[PDB]
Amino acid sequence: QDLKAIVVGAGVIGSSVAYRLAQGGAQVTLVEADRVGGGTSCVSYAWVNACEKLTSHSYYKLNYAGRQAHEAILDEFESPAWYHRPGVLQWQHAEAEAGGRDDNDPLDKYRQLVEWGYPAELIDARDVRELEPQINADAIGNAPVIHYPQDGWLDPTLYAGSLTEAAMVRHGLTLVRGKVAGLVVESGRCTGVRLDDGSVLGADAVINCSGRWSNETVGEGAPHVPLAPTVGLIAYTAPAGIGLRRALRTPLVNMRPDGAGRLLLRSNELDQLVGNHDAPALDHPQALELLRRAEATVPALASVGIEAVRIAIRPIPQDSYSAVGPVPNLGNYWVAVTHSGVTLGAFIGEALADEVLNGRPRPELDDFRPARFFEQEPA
């Protein structure tokens, strides 16, 4: 009786899809070529947010539903330690994780945030140090800073590991360490996956959650979602003897606590100087510059060094927006590939579980289906 579902990829998205499918009664096989949470989800600022999406109201609403889903799922776990919400401070001219530099006036931006219901407040530049006194007074500038007091970041690898553990223990999910090389397709319907050893894993549904590898996973077996990948480098300090509670997104650097005093540092500007295949050396020129910018922002960081550097590729559909759903003329197959995948992961899990188990697409995804990239009329 039970529907057999294969989820390819165990990142923040695939772990969510697999967990909700298994909870929904499906017999789930999660196929992961590397390790649970070891892909781009391991190299992310991971701000769970809708406030970076003020141009598309429907994309804002999708990201807001993702944010709400991350709060709701915590109730299903014991002592979940993966969603830290101490607040986020965002400057005018800050770079966005979703892309670009935001030069809009903070008061105009705040009016829109209020109208769209996002929890936020403004802080005068001269009052920022009341919240975080170790910020350099010379680094703050003169414009108001947006404070998202209930916002924070995910630990996507810990999240993915916890959901996979629960899916296995509570709902009989199986984890397969293997690399999908293509799909098995019979009469226009996908009937399973083929691994790179030629072995076949049969299923009633296949959900491709392989991130920036989305098209390489299916090869010639499925239509491709056009992608526009970019590289990201993140530097992680040794544990730092500073008091910083909140995430900081200044015109110079994006930085935040990442556990036990460690700091995560990144910059869109510096990403442009990183090659796709650069070695993540601890003395990488952009990692060293990230540390310099962090110390200029918080001078109390003196003598704290870089302990880790990670590099990954962003899954980004060609038009910037999520692609979650079926593709033309291939039954029993779904794909999920998107930027802001941390924000959206939990919601994508419940949305695709509803589609696979009950044939019920969520209305929030209406503007974000893969079909928009293909022919709209019969050829």
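Residue numbers run from 1 along the displayed sequence.
Peer 1: Tell me which of 324-332 and 337-345 has the higher mean C-alpha B-factor in the deposited entry.
Peer 2: The entry gives the higher C-alpha B-factor average to 324-332.
Peer 1: Should the higher mean CA B-factor in the entry be assigned to 228-236 or to 105-113?
Peer 2: It is 105-113.
Peer 1: Using the temperature factors in the entry, find which of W153, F77, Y159, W213 has the highest value at its Cα atom.
Peer 2: Highest C-alpha B-factor among the listed residues goes to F77.
Peer 1: In this PDB entry, which of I306, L201, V145, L290 has the top CA B-factor?
Peer 2: Answer, based on the entry's C-alpha B-factors: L201.
Peer 1: Which third, lowest, middle or highest, does the CA B-factor of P223 fall in along this chain?
Peer 2: CA B-factor rank for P223: highest third.
Peer 1: Grab the CA temperature factor for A379 from the record and place it in the lowest, middle or highest third of its chain.
Peer 2: Highest third, going by the recorded CA B-factors of the chain.
Peer 1: Ranking every modelled residue in this chain by its Cα temperature factor as given in the entry, which third contains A247?
Peer 2: For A247, the deposited C-alpha B-factor lands in the lowest third.
Peer 1: Within this chain, which third does the Cα B-factor at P119 fall in: lowest, middle or highest?
Peer 2: Its C-alpha B-factor belongs to the middle third of this chain's values.
Peer 1: Taking the values exactly as deposited, rank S44 by C-alpha B-factor within its chain and report the matching third: lowest, middle or highest.
Peer 2: Lowest third of the chain for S44's C-alpha B-factor.
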